[PDB]
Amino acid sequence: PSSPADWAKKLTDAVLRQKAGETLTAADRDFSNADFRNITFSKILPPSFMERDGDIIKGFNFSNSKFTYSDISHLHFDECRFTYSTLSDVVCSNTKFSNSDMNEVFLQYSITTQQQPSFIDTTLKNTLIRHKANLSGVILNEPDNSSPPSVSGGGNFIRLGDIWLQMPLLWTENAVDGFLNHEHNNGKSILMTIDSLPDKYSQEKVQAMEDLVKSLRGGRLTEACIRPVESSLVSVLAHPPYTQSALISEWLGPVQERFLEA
């Protein structure tokens, strides 16, 4: 298999045997160094695998693979390895990742993605994810002295546990909107994404939020800019565990006041 079409068919044959079809040999399950660029998975595969409580893609290895401009939405992966792969510009609308490894991955998917990706019992170690995701169920581990993946454009990086998050270059209208306004964008924001974590990782959330605010202090901000996201900021920050954060509190204070004048 030297091209995506071959890899598609190879999976498409291998996935089908996992109908199932039980059980599959390890060697045939490995898709190391695969290539799935520009592939739309539904067209090749059944709606069972791609909807509701249907079929599961279990026990695979997609290490060092390349999902780029591919569409992977609504699928469910379990016991899978995506280590070192690039999922940049993928379309993973409401894609589920269970008991999986997605460490050292590029997950800054394309905006086209409608529904937040969901990760459960999954690791995003040193994985740069887009700030709009569902991390309820994610496993976190101690951050190494690693470095953010080299990317073009955007701003500086903050750590969410051991996950990488990239701030915008400048806090502009759309920057503020997409990052903070989850009300206009129906539940999607970096606020919701940080808070999405399980209550277990309370401290990680706060440092992430604190770091997020630290970047918001730096930008020369204006009421006018924050006006459309006052409600959004408050809905998440005005509650624990972000009320026990002096940094967040003293910054949220004035913003919280104007909001209440309505």
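Throughout, we count residues from 1 along the sequence that is shown.
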| property | result |
| --- | --- |
| Of 230-238 and 32-40, the stretch whose C-alpha atoms average the higher B-factor in the entry | 32-40 |
| Mean C-alpha temperature factor, higher of 17-25 and 244-252 | 17-25 |
| Residue of maximum C-alpha B factor among 223, 211, 195, 204, per deposited coordinates | 223 |
| Among 126, 166, 114, 141 - the residue whose C-alpha B-factor is largest in the record | 114 |
| Residue 71 - Cα temperature factor, lowest/middle/highest third of chain | middle |
| Third of the chain, ranked by Cα B-factor, where residue 153 sits | highest |
| Residue 63, C-alpha B-factor rank within chain (lowest, middle or highest third) | lowest |
| Chain thirds of CA B-factor: placement of residue 162 | lowest |
| Where the record places residue 80 (Cα B-factor, split into thirds across the chain) | middle |
